[PDB]
Amino acid sequence: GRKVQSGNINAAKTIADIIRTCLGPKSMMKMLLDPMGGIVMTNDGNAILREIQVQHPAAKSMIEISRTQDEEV
Amino acid sequence: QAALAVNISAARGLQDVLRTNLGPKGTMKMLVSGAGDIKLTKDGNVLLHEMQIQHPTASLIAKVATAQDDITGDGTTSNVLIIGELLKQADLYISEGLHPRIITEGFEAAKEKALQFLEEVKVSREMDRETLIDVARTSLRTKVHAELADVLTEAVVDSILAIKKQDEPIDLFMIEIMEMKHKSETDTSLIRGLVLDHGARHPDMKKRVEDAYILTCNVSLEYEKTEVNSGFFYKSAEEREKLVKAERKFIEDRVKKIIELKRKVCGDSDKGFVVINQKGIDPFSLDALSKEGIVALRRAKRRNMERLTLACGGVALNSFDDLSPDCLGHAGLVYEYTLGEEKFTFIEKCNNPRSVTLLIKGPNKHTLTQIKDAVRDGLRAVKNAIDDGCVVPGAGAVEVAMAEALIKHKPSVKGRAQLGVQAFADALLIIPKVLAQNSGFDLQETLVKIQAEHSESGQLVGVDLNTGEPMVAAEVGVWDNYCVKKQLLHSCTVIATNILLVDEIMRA
Amino acid sequence: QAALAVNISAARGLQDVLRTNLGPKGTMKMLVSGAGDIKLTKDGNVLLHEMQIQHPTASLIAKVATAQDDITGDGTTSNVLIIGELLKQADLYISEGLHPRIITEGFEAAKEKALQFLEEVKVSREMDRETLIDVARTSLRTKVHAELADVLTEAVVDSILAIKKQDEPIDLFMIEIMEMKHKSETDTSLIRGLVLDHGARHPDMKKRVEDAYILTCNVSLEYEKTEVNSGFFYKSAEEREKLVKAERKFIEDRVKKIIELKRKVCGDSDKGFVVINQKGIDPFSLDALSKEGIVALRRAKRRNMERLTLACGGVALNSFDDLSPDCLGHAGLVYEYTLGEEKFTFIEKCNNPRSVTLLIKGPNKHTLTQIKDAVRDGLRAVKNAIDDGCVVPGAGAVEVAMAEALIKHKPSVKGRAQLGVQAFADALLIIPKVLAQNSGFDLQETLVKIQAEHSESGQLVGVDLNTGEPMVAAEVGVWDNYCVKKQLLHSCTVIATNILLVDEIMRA
Amino acid sequence: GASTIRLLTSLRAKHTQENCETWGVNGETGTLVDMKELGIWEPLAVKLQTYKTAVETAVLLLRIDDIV
Amino acid sequence: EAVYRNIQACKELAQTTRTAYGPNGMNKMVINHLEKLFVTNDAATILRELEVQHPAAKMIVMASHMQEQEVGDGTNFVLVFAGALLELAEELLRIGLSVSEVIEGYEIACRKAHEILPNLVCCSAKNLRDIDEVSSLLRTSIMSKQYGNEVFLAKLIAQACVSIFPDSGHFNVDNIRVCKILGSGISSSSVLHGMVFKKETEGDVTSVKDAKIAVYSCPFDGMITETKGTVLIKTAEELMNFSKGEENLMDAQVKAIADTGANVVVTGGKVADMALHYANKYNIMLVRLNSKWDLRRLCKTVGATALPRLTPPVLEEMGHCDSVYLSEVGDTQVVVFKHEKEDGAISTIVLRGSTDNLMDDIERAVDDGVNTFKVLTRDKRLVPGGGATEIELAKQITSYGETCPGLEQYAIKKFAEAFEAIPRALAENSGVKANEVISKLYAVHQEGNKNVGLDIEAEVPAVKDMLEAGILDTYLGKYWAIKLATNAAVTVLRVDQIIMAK
Ligand SMILES: Nc1ncnc2c1ncn2[C@@H]1O[C@H](COP(=O)(O)OP(=O)(O)O)[C@@H](O)[C@H]1O
Ligand SMILES: Nc1ncnc2c1ncn2[C@@H]1O[C@H](COP(=O)(O)OP(=O)(O)O)[C@@H](O)[C@H]1O
Ligand SMILES: Nc1ncnc2c1ncn2[C@@H]1O[C@H](COP(=O)(O)OP(=O)(O)O)[C@@H](O)[C@H]1O
């Protein structure tokens with residue numbers, strides 16, 4: 001249980017906590033605060049994933065494997 | 001929950017900003033740009049269009065609310081205010097273990113009840129002069145002075161009565177606005193036809209051209225010098241130095257063409273024939289044209305040309321000769337008019353007069369933009385009022401009516417959505433109480449008085465804004481559009497939904 | 001100056017501290033004394049004596065709540081929550097510029113309606129043992145571990161049944177709870193008659209004595225020729241030898257007084273007279289009278305003697321001498337109990353045996369003190385139940401019914417007191433609300449559910465903490481006292497006014 | 001907005017009973033429903049791919065050590 | 001918030017107490033307000049010194065004290081098990097379940113455990129004679145506190161208890177005293193009928209028949225109530241005159257006050273050696289260098305009572321005995337008082353060892369052994385220990401949780417996992433990783449063997465049957481340990497805030 005796996009898990013938990021509310025017919029709206037000043041609304045998780053900033057390399061690799069998932073199906 | 005609370009707080013802040021604007025007796029806001037020019041506006045749509053707001057979610061609320069409110073006249077002030085109150089009421093339970101979705105479905109059920117309630121609460125009244133006077137009043141008084149609005153009502157309603165003959169929901173094809181500075185603002189009147197902001201260098205014109213034949217083609221009575229002969233400044237520019245001249249003949253040739261067409265269409269030199277130019281025209285030949293019964297005008301803008309074509313016939317073209325009278329129109333009176341310093345020639349009583357225009361005469365820019373916005377609001381509101389067959393009284397009347405209807409509907413909706421319909425009822429209650437607050441009659445006292453008046457009698461009763469007493473809004477003459485208020489409730493529910501569902505702030 | 005905001009915040013804080021404590025399912029709280037000892041408790045009476053109240057007007061609310069609840073003592077916590085919710089809605093309505101005094105007037109009108117409607121909520125019946133044990137159970141379970149409450153409740157209803165002849169209230173003289181530290185609670189039931197603070201034992205002494213007569217003695221071995229009992233005359237030899245005389249002289253004379261009393265009255269001590277000696281005594285009396293009929297008791301306090309004076313007839317004559325053989329008290333049965341480490345004397349079937357005692361016995365210190373406070377509160381609640389045959393359904397049922405009644409009475413109330421009674425109803429909503437939160441339900445669906453159940457039918461439905469679903473509290477057996485509810489409404493309204501009417505809080 | 005723990009626990013208890021494998025949660029109303037009765041359905045292939053890729057990305061991610 | 005704080009405090013208390021659980025428990029340094037330093041692996045002492053200032057910690061500690069005063073073994077089991085309860089309740093609350101549900105679930109799970117555990121028992125204690133069998137029964141308790149040298153203490157305790165355990169089905173807790181005279185070798189310990197003392201002033205025992213005892217911490221007078229005689233140390237010659245005087249008074253004691261019950265005087269304070277010589281001449285012995293508890297024990301076991309200051313003796317405080325004689329156990333003089341059940345019911349052992357720290361370790365071992373004998377006499381059935389009973393209960397509680405629909409099942413499953421925490425406590429102390437051994441133990445235990453547990457002797461995580469291995473706890477011990485552990489857990493969970501009062 002080294003710190004690197006803990007960081008991997010923490011990044012996965014953060015991104016999954018962001019995405020969770022987008023599941024189901026009653027899914028929540030999400031807020032995208034582009035530092036230019038505008039806001040992008042979204043209902044589903046792929047749209048928020050395509051432009052969410054992930055500075056942590058673990059979350060970035062999670063995004064890459066999500067890209068690998070979504071390109072297939 | 002923190003992001004939802006932040007969004008609610010920002011929406012409440014902009015709600016408090018817009019709180020004081022609603023109602024005739026309501027304090028104004030005026031904007032200043034980087035250049036420093038002021039902009040007086042109690043309107044909500046242009047306000048949210050032009051405001052600089054520090055918050056984000058406020059920005060999205062303004063953008064989406066104005067975009068969806070433009071479709072439905074002007075109601076975004078009440079929209080923002082009611083959604084702010086609805087967010088307050090939602091938070092008053094979100095702090096107590098309420099999940100946004102159940103509150104949202106409560107709002108949805110309240111909306112489903114409220115639309116069907118307004119269906120039978122709107123009164124089926126025949127459109128006539130008086131009801132449209134009333135709706136024009138209730139629109140204009142929300143943007144300008146009461147006496148000034150009273151002045152506006154006649155013109156703004158009579159233009160609509162003129163265009164009503166088409167009996168179809170068609171707008172903005174005519175009834176364009178016309179602006180000019182003047183010493184006294186009180187003068188502001190409609191003009192059948194169109195107004196030209198210019199005249200010509202015609203000393204001692206037969207200004208009262210009643211037999212005004214019209215054919216609005218561009219006549220080159222000031223030929224643009226042919227500087228381009230063989231390109232730019234090569235050695236062949238010696239041709240350009242001399243070919244730039246000798247354009248004097250074309251002016252008189254075109255004038256002879258106008259004289260020939262004048263002879264063809266009138267058979268004499270008596271009846272006035274009116275023609276236009278996009279560019280300037282010489283005065284010397286205008287001296288003879290005024291004697292020939294020919295009225296050429298210069299410096300015309302673009303869209304006005306086809307507007308004259310649609311209102312009085314004729315065609316507009318840049319290439320000019322003695323064109324065949326295949327489209328000759330006839331204005332019944334080109335009322336050449338001038339006051340102050342500038343000549344504004346009127347065109348009225350066109351043959352089968354299609355178009356109308358509203359001459360607004362604001363003294364200066366910051367009042368002129370205000371009067372412009374007021375006229376647009378009034379015209380679009382009365383257009384909505386003639387679009388639907390029923391007009392519903394306002395002044396917080398139907399708002400308290402549907403709030404009490406939702407209170408009675410509380411048991412009918414099953415489950416935890418009851419708080420949703422309760423909060424929606426309070427959001428509707430914000431309107432009469434905010435009118436009372438803006439007028440100053442201890443908003444909650446007026447709210448309880450109006451609810452007591454409604455409950456005891458069942459009559460659709462509103463707030464008498466100038467005295468606070470509860471009064472029948474139908475009898476007082478306060479009318480709101482059914483379409484505007486329908487889309488108002490739609491927008492309220494939709495944006496309240498959106499704001500409850502958002503729960504996270506993303507740095508991206 | 002909304003200086004009342006800090007008072008409302010203090011009410012919020014005290015409400016939160018008194019939150020989580022309602023119902024059997026709710027949590028309890030511990031009071032860490034300055035000495036570092038432990039004190040577990042659940043009742044708000046002693047929780048409002050937690051001298052770390054941390055804020056002055058919170059201390060005001062605590063002390064006034066204790067003062068106004070000491071009359072009934074079944075309704076103290078709930079009071080804090082109702083006043084907290086009244087002040088929550090009051091803050092919600094001050095935040096729009098509304099003046100608090102009309103809010104207090106609305107609260108007063110709401111109280112006037114609520115007491116009248118409560119007078120119809122209450123059920124009236126002859127207090128049979130089944131309903132009595134049900135109300136004792138529902139009053140005591142909200143303060144004790146559920147598995148242990150019932151064994152106490154049976155002894156409680158027995159205690160209150162022992163004094164049914166006359167409408168007189170609870171008095172400690174007929175119910176004296178007595179405690180001793182032990183390994184296990186093991187049926188902490190009452191004993192009929194009186195129990196002594198201690199006992200005397202000797203291997204030849206008698207365990208059970210029947211038809212025992214009783215007297216007391218403040219001085220039987222200490223002083224001679226004087227009534228004083230203090231430090232011996234070490235400073236005066238002339239008065240010192242009388243104090244070594246005293247023991248021999250009185251263990252002679254007064255012991256023969258006892259034996260001639262028992263011989264003449266009983267026919268040679270056939271009825272076994274017993275004596276309560278107030279303090280220590282030479283073992284000559286104890287270890288020899290064990291065979292000489294007499295049961296000599298040791299180390300008993302005075303309160304025991306006044307209790308037995310009321311409990312056995314005659315008088316506990318502190319002067320030893322048997323000046324009248326009919327001045328004796330009488331006991332029907334006597335049992336020198338011994339359990340765990342210590343020994344105690346029971347006296348039973350005495351003349352006027354309506355006095356009983358509670359053997360509140362269990363784990364040491366804090367559990368014992370909590371049991372003592374809980375049984376005292378249960379006895380006072382069953383006192384309230386007996387004093388008037390009126391009983392109200394608890395478990396939030398009465399608050400739901402009152403809330404609905406005030407909602408229905410709301411349109412009848414003139415003016416902003418309509419809003420006041422709305423605030424009062426939404427505040428009374430808190431008891432179902434706190435109960436539902438205590439057992440960890442959604443809590444906002446419980447309230448809607450219970451209101452829908454109370455609106456569809458006329459049943460006095462309240463929340464059942466074991467299921468959350470609405471169910472008629474009447475046949476479940478979760479009763480409550482009508483008198484404590486009346487006092488609850490009165491105290492709540494009066495202190496909600498007295499706290500909401502603060503303005504410009506200033507130091508003394 | 002339903003009881004996230006209570007009603008899910010009821011769903012699990014239902015799933016402890018045979019032939020109740022179809023029983024599920026209604027996303028539209030937030031209550032337990034025999035999802036065969038609603039008629040809202042879902043194919044085998046997408047779920048197989050979803051679980052396969054989920055465990056695959058878990059395996060990939062928690063095996064990582066991050067070094068420039 | 002405060003619930004999590006209380007859980008964290010009790011978690012750290014149970015963690016710092018857990019390392020001493022099991023036979024191979026880890027010692028810790030103890031520095032009480034006497035500032036003496038010694039190493040011990042006993043929950044009772046380690047908590048008695050450890051200032052548990054957190055009120056929840058104090059609650060669990062006093063629950064452990066109540067368990068200890070009711071039943072001998074399991075005082076550390078209560079700590080570790082309440083800690084497991086609170087950690088798993090913190091997990092449940094982090095899931096989001098309310099305190100009421102978890103406490104009610106713990107209560108019903110405790111009731112189920114108390115209902116099913118009597119079915120869990122596998123053997124019952126035979127007759128308490130046959131020192132070998134009772135030694136085998138004390139085996140687990142004796143090994144629990146001391147390891148490496150274990151059979152000797154089991155035999156010692158067995159002999160001590162059986163030599164005094166009466167024919168009646170009763171035995172008293174304050175029976176076995178310990179004497180801790182220093183010297184080489186633990187194995188040199190022995191048992192004597194009646195009470196013994198470490199070492200005192202020399203004397204020739206004449207009270208070997210009809211022994212009676214007087215006890216003075218006051219001037220060495222011992223006059224009879226019918227005469228006046230005293231010693232006042234102010235000058236030498238008359239001091240000798242008094243010494244003669246109270247020696248004659250001691251003779252008058254052994255003559256007449258013997259009828260009341262005084263022959264030999266117990267002196268709290270030191271007396272002159274020449275006075276000791278006079279005592280030798282006139283045939284009266286005495287004892288010296290005894291702590292106040294020693295005087296209390298000697299007087300209570302004879303019916304006497306220590307006098308704080310000078311007072312003529314009366315029958316109220318006389319002591320009765322059969323014999324006072326002497327033995328050089330461990331090559332050192334020790335006095336012994338022997339009884340023939342006139343009062344009796346007392347037996348005392350001599351502790352042998354080279355350090356007072358090891359002396360106290362032996363003392364706690366003896367205390368736990370004699371308390372185990374207590375709880376075995378009144379409840380002769382007793383439970384297979386060493387992790388076996390905790391895991392059998394854990395499996396049964398898991399089955400019950402799967403049997404219970406709806407809520408309350410979280411608390412049932414976490415109560416079973418609290419059972420699971422016990423062999424984890426054995427594993428960490430025994431040098432084997434907890435997860436592997438607990439999983440292997442489930443593998444061998446869900447098969448129905450029902451008597452498998454953590455094998456300490458194996459260097460690799462493995463299991464063996466504790467029944468034939470001799471590792472087995474008392475039924476009532478574990479019953480009350482779990483009962484008050486669950487009571488402490490449910491009471492501490494029922495505190496949502498820590499509040500101070502004046
Ligand atoms: N003379 C009046 N008396 C009372 N209420 C009025 C009057 N005129 C307008 N109102 C109220 O103003 C409300 C809407 O006005 P407002 O929202 O400010 O216009 P807009 O949205 O176009 O900026 C209506 O509900 C109407 O009842
Ligand atoms: N068995 C029960 N089930 C549900 N609710 C109960 C039960 N017993 C009491 N209550 C409710 O709990 C409240 C009484 O307890 P409580 O307010 O804590 O007394 P106190 O003022 O002495 O602290 C009442 O609102 C009553 O309706
Ligand atoms: N030989 C052993 N092998 C495994 N576990 C043991 C053994 N002996 C004792 N134990 C465990 O230790 C417990 C009792 O010892 P412990 O709790 O550590 O100290 P105490 O008896 O003073 O509370 C027993 O309940 C049992 O679970």
# chains A, B, ... in the order shown; residues from 1 in each chain; ligands from 1
call {"tool": "residues_around", "arguments": {"residues": "residue 25 in chain D", "least_positions_apart": "3", "cutoff": "9 Å", "atoms": "only C-alpha atoms", "output": "PDB file with C-alpha atoms, in the first residue's frame"}}
result
ATOM      1  CA  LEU D   7     -34.515   1.236   0.328  1.00  0.00           C
ATOM      2  CA  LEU D   8     -31.285  -0.157  -1.138  1.00  0.00           C
ATOM      3  CA  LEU D  11     -33.630  -4.203  -2.504  1.00  0.00           C
ATOM      4  CA  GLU D  28     -38.074   7.792 -12.512  1.00  0.00           C
ATOM      5  CA  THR D  29     -39.857   7.456  -9.149  1.00  0.00           C
ATOM      6  CA  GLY D  30     -37.156   6.369  -6.684  1.00  0.00           C
ATOM      7  CA  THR D  31     -38.921   3.217  -5.495  1.00  0.00           C
ATOM      8  CA  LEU D  32     -38.303  -0.490  -5.893  1.00  0.00           C
ATOM      9  CA  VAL D  33     -39.870  -2.009  -9.001  1.00  0.00           C
ATOM     10  CA  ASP D  34     -39.847  -5.365 -10.767  1.00  0.00           C
ATOM     11  CA  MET D  35     -38.056  -3.917 -13.781  1.00  0.00           C
TER      12      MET D  35
END
call {"tool": "interface_residues", "arguments": {"of": "chain D", "to": "chain C", "cutoff": "9 Å", "atoms": "only C-alpha atoms", "output": "list in words"}}
result
residues 2, 3 and 6 of chain D
call {"tool": "write_last_selection", "arguments": {"atoms": "N, CA and C atoms", "output": "CSV table (one decimal), in the first residue's frame"}}
result
chain,number,residue,atom,x,y,z
D,2,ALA,N,-34.6,9.2,-2.7
D,2,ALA,CA,-35.2,8.2,-1.8
D,2,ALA,C,-34.3,7.9,-0.7
D,3,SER,N,-34.7,6.9,0.1
D,3,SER,CA,-33.8,6.5,1.2
D,3,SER,C,-32.6,5.7,0.7
D,6,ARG,N,-31.8,2.8,3.3
D,6,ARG,CA,-32.9,1.9,3.7
D,6,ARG,C,-33.5,1.2,2.5
call {"tool": "calpha_fit_rmsd", "arguments": {"fixed": "chain C", "moving": "chain B"}}
result
2.4 Å
call {"tool": "residues_around", "arguments": {"residues": "residue 12 in chain E", "least_positions_apart": "2", "cutoff": "12 Å", "atoms": "only C-alpha atoms", "output": "ChimeraX atom specification"}}
result
/E:5-10,14-19,52,54,56-57,79-80,82-84,86-87
call {"tool": "write_last_selection", "arguments": {"atoms": "N, CA and C atoms", "output": "CSV table (one decimal), in the first residue's frame"}}
result
chain,number,residue,atom,x,y,z
E,5,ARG,N,-15.5,11.7,17.3
E,5,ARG,CA,-14.5,12.0,18.3
E,5,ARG,C,-14.4,10.9,19.4
E,6,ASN,N,-15.6,10.6,20.0
E,6,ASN,CA,-15.7,9.5,21.0
E,6,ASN,C,-15.2,8.2,20.4
E,7,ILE,N,-15.6,7.9,19.2
E,7,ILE,CA,-15.2,6.6,18.6
E,7,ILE,C,-13.7,6.6,18.4
E,8,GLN,N,-13.1,7.7,18.0
E,8,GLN,CA,-11.7,7.8,17.8
E,8,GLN,C,-10.9,7.6,19.1
E,9,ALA,N,-11.4,8.3,20.2
E,9,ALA,CA,-10.7,8.1,21.5
E,9,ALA,C,-10.8,6.7,22.0
E,10,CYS,N,-12.0,6.1,21.9
E,10,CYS,CA,-12.1,4.7,22.3
E,10,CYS,C,-11.3,3.8,21.4
E,14,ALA,N,-8.5,1.3,22.8
E,14,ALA,CA,-8.5,-0.1,22.6
E,14,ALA,C,-7.3,-0.6,21.8
E,15,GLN,N,-6.7,0.3,21.0
E,15,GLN,CA,-5.5,0.0,20.3
E,15,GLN,C,-4.3,-0.1,21.2
E,16,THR,N,-4.1,0.9,22.1
E,16,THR,CA,-3.0,0.9,23.0
E,16,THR,C,-3.2,-0.2,24.1
E,17,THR,N,-4.4,-0.7,24.3
E,17,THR,CA,-4.6,-1.8,25.2
E,17,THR,C,-4.5,-3.2,24.6
E,18,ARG,N,-4.7,-3.2,23.2
E,18,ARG,CA,-4.8,-4.5,22.5
E,18,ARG,C,-3.5,-5.2,22.5
E,19,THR,N,-2.4,-4.5,22.5
E,19,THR,CA,-1.1,-5.1,22.3
E,19,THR,C,-0.8,-6.1,23.4
E,52,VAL,N,-7.4,7.8,31.7
E,52,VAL,CA,-8.3,7.9,30.5
E,52,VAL,C,-9.2,9.1,30.8
E,54,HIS,N,-10.6,11.1,28.6
E,54,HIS,CA,-11.8,11.2,27.8
E,54,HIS,C,-12.9,10.4,28.4
E,56,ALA,N,-15.6,9.0,27.4
E,56,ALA,CA,-16.0,7.7,26.8
E,56,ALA,C,-15.0,6.6,27.1
E,57,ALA,N,-13.7,7.0,27.1
E,57,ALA,CA,-12.7,6.0,27.5
E,57,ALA,C,-12.9,5.6,28.9
E,79,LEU,N,-12.1,-4.4,26.4
E,79,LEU,CA,-11.6,-3.2,25.7
E,79,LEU,C,-11.5,-3.5,24.2
E,80,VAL,N,-10.9,-4.6,23.8
E,80,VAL,CA,-10.6,-4.8,22.3
E,80,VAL,C,-12.0,-4.9,21.6
E,82,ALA,N,-15.1,-3.8,22.6
E,82,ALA,CA,-15.8,-2.5,22.5
E,82,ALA,C,-15.1,-1.6,21.4
E,83,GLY,N,-13.8,-1.6,21.3
E,83,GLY,CA,-13.1,-0.9,20.3
E,83,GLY,C,-13.5,-1.3,18.9
E,84,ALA,N,-13.6,-2.6,18.7
E,84,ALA,CA,-14.1,-3.2,17.4
E,84,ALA,C,-15.5,-2.7,17.1
E,86,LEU,N,-16.9,0.0,18.2
E,86,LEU,CA,-17.0,1.4,17.8
E,86,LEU,C,-16.3,1.7,16.5
E,87,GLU,N,-15.3,1.0,16.1
E,87,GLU,CA,-14.7,1.3,14.8
E,87,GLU,C,-15.7,0.9,13.7
call {"tool": "residues_near_ligand", "arguments": {"ligand": "ligand 3", "cutoff": "7 Å", "atoms": "only C-alpha atoms and all ligand atoms", "output": "compact mmCIF listing (two decimals) with N, CA and C atoms, in the first residue's frame"}}
result
# COMPACT_ATOMS: atom_id res chain seq x y z
N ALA E 20 -1.45 -6.01 24.56
CA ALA E 20 -1.24 -6.92 25.67
C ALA E 20 -2.19 -8.11 25.65
N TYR E 21 -3.10 -8.18 24.68
CA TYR E 21 -4.09 -9.24 24.64
C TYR E 21 -3.47 -10.53 24.11
N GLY E 22 -3.86 -11.65 24.70
CA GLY E 22 -3.32 -12.94 24.32
C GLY E 22 -2.11 -13.33 25.13
N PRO E 23 -1.75 -14.62 25.10
CA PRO E 23 -0.60 -15.09 25.89
C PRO E 23 0.70 -14.38 25.55
N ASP E 42 -0.81 -6.58 31.54
CA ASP E 42 -2.11 -6.82 32.16
C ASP E 42 -3.02 -5.63 31.89
N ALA E 43 -4.22 -5.92 31.39
CA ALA E 43 -5.17 -4.85 31.08
C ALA E 43 -5.57 -4.08 32.32
N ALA E 44 -5.81 -4.79 33.43
CA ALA E 44 -6.29 -4.15 34.64
C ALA E 44 -5.32 -3.07 35.12
N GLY E 72 -13.44 -12.92 36.34
CA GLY E 72 -12.00 -12.74 36.24
C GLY E 72 -11.45 -12.42 34.87
N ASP E 73 -11.51 -13.38 33.95
CA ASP E 73 -10.91 -13.21 32.65
C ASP E 73 -11.76 -12.31 31.76
N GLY E 74 -11.14 -11.81 30.69
CA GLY E 74 -11.84 -11.02 29.70
C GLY E 74 -11.79 -9.52 29.90
N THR E 75 -10.99 -9.03 30.85
CA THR E 75 -10.93 -7.58 31.06
C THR E 75 -10.30 -6.86 29.87
N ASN E 76 -9.39 -7.51 29.15
CA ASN E 76 -8.86 -6.93 27.92
C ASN E 76 -9.74 -7.26 26.72
N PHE E 77 -10.46 -8.38 26.79
CA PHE E 77 -11.43 -8.70 25.75
C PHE E 77 -12.49 -7.61 25.66
N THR E 140 -5.70 -22.17 30.02
CA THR E 140 -5.87 -21.02 29.14
C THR E 140 -5.66 -19.71 29.89
N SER E 141 -6.31 -19.57 31.05
CA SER E 141 -6.20 -18.33 31.81
C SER E 141 -4.76 -18.08 32.27
N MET E 143 -1.96 -19.25 30.88
CA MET E 143 -1.13 -18.93 29.72
C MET E 143 -1.43 -17.53 29.19
N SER E 144 -2.65 -17.03 29.41
CA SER E 144 -3.05 -15.76 28.82
C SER E 144 -2.17 -14.61 29.28
N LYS E 145 -1.74 -14.63 30.54
CA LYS E 145 -0.98 -13.51 31.10
C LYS E 145 0.52 -13.71 31.04
N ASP E 368 -5.71 -13.68 38.18
CA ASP E 368 -6.56 -14.14 37.09
C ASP E 368 -6.86 -15.63 37.22
N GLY E 385 -11.74 -21.51 23.83
CA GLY E 385 -11.23 -20.19 23.54
C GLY E 385 -10.19 -20.19 22.44
N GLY E 386 -9.30 -19.20 22.51
CA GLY E 386 -8.26 -19.04 21.51
C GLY E 386 -8.77 -18.69 20.13
N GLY E 387 -9.78 -17.82 20.06
CA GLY E 387 -10.34 -17.41 18.80
C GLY E 387 -11.46 -18.29 18.28
N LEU E 426 -5.12 -11.44 18.37
CA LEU E 426 -4.17 -12.52 18.59
C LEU E 426 -3.09 -12.55 17.50
N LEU E 454 -6.44 -19.63 16.32
CA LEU E 454 -5.12 -19.16 15.93
C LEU E 454 -4.04 -19.93 16.68
N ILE E 456 -0.64 -20.22 17.99
CA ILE E 456 0.47 -19.32 18.28
C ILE E 456 1.81 -19.96 17.95
N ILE E 471 -6.51 -25.04 25.10
CA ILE E 471 -6.84 -23.62 25.11
C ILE E 471 -8.36 -23.50 25.12
N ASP E 473 -11.72 -21.17 27.31
CA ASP E 473 -12.11 -20.11 28.24
C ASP E 473 -13.31 -20.53 29.09
N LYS E 478 -16.70 -15.30 29.25
CA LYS E 478 -16.94 -14.71 27.94
C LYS E 478 -18.35 -14.15 27.85
call {"tool": "residues_near_ligand", "arguments": {"ligand": "ligand 1", "cutoff": "6 Å", "atoms": "only C-alpha atoms and all ligand atoms", "output": "list in words"}}
result
residues 22, 23, 24, 43, 44, 74, 75, 76, 77, 78, 138, 141, 142, 394, 395, 396, 465 and 478 of chain B
call {"tool": "write_last_selection", "arguments": {"atoms": "C-alpha atoms", "output": "tab-separated table (two decimals), in the first residue's frame"}}
result
chain	number	residue	atom	x	y	z
B	22	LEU	CA	-40.45	45.46	-11.10
B	23	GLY	CA	-43.54	47.65	-11.24
B	24	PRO	CA	-44.20	51.18	-12.49
B	43	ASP	CA	-36.32	47.09	-18.74
B	44	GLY	CA	-35.00	43.70	-17.73
B	74	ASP	CA	-40.58	40.94	-22.24
B	75	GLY	CA	-41.04	39.21	-18.89
B	76	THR	CA	-37.52	38.41	-17.73
B	77	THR	CA	-37.58	40.77	-14.73
B	78	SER	CA	-40.44	38.86	-13.11
B	138	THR	CA	-49.67	48.21	-18.45
B	141	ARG	CA	-45.87	52.23	-17.41
B	142	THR	CA	-43.23	49.60	-16.58
B	394	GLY	CA	-52.01	41.02	-13.61
B	395	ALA	CA	-50.91	43.22	-10.69
B	396	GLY	CA	-50.26	40.11	-8.61
B	465	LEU	CA	-50.28	49.71	-6.94
B	478	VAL	CA	-54.13	45.99	-15.32
call {"tool": "residues_around", "arguments": {"residues": "range 50-55 of chain C", "least_positions_apart": "3", "cutoff": "6 Å", "atoms": "only C-alpha atoms", "output": "MDAnalysis selection string"}}
result
(chainID C and resid 47 58:59) or (chainID E and resid 500:502)
call {"tool": "closest_residue", "arguments": {"among": "B:422, B:116, B:498, B:218", "to": "chain C", "atoms": "only C-alpha atoms"}}
result
B:422
call {"tool": "residues_around", "arguments": {"residues": "residue 42 in chain A", "least_positions_apart": "5", "cutoff": "10 Å", "atoms": "only C-alpha atoms", "output": "VMD selection string"}}
result
(chain A and resid 22 28 to 32 47 to 48) or (chain B and resid 502)
